[PDB]
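[1] Could you work out the structure for the sequence below:
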Amino acid sequence: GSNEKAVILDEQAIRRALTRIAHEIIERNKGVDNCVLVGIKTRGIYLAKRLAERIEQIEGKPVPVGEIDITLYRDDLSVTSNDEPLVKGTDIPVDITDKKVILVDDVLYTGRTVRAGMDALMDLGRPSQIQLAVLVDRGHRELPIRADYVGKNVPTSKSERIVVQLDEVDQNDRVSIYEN
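    Numbering: from 1, shown residues only. Below you will find the coordinate block:
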């Protein structure tokens, strides 16, 4: 059909949300001493790296960035969003024990990737807090998870999927919502 996709973050809205999140992290943590950013999912990781650069531009101190590499699966033959995270690997360049780790997710949906992210962190260390920054929160949580920082709330139905494009993997910055 026609009009079965819409842009929910254009490039400027992306850049503004990141900048907002950067400020929010700084205000809430009262600086970024002992903060570590950790990206989840391929685009969450690129977002995390943008976020750390933005925070560095604000504070003049680097923020370390790590990644948790997760692939999502389903237990059935349905075509519907994959909801089972499998953690493939981790790379965090610093110790996270007694640090505030900020998980960075492109789209908060079921919360299921976030939960695997939290456990993955707990396998590497004992942070004092795990916080969650997300570019989009589309609701329909399946676990009791919520974001500390949200670029945009986007109401959705379970039939819709959110497509995130970023320059680093997709050669354009855009978030879109699609029926089906």
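[2] Show me the strands in the chain, by range?
    Using DSSP state E, the strands of the chain run over residues 5-9, 35-40, 65-73, 84-91, 100-108, 129-137, 149-153, 160-165, 174-179.
[3] For residue 24, find the nearest of those strands.
    Nearest of the strands of the chain to residue 24, taken as C-beta to C-beta: strand 149-153 at 5.0 Å. In this view, the C-beta of every residue, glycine as well, is placed from N, C-alpha and C.
[4] How about residue 90: what's its closest non-neighbour residue?
    Leaving aside its chain neighbours, residue 90 sits nearest to residue 68 (5.2 Å; criterion: C-beta to C-beta, 6 or more residues apart in numbering).
[5] Quick check, that neighbour in contact with residue 87.
    Yes - in this structure, residue 68 is within contact of residue 87 by C-beta atoms under 8 Å, at 6.3 Å.
[6] which neighbours do these two share?
    116, 120 (C-beta atoms under 8 Å, 6 or more residues apart in numbering).
[7] ok, these two, which is more surrounded?
    residue 68 (26 against 16; other C-beta atoms under 10 Å).
[8] and that one, what are its bridge partners?
    residue 40, residue 90 (DSSP bridges).
[9] Now do the same contact list for it.
    Counted by C-beta under 8 Å, 6+ apart, residue 68 has contacts 38-40, 87, 89-90, 116-117, 120-121.
[10] any idea how far it lies from residue 8?
    Computed as C-beta to C-beta, to the nearest Å, the residue 68 to residue 8 distance reads 25 Å.
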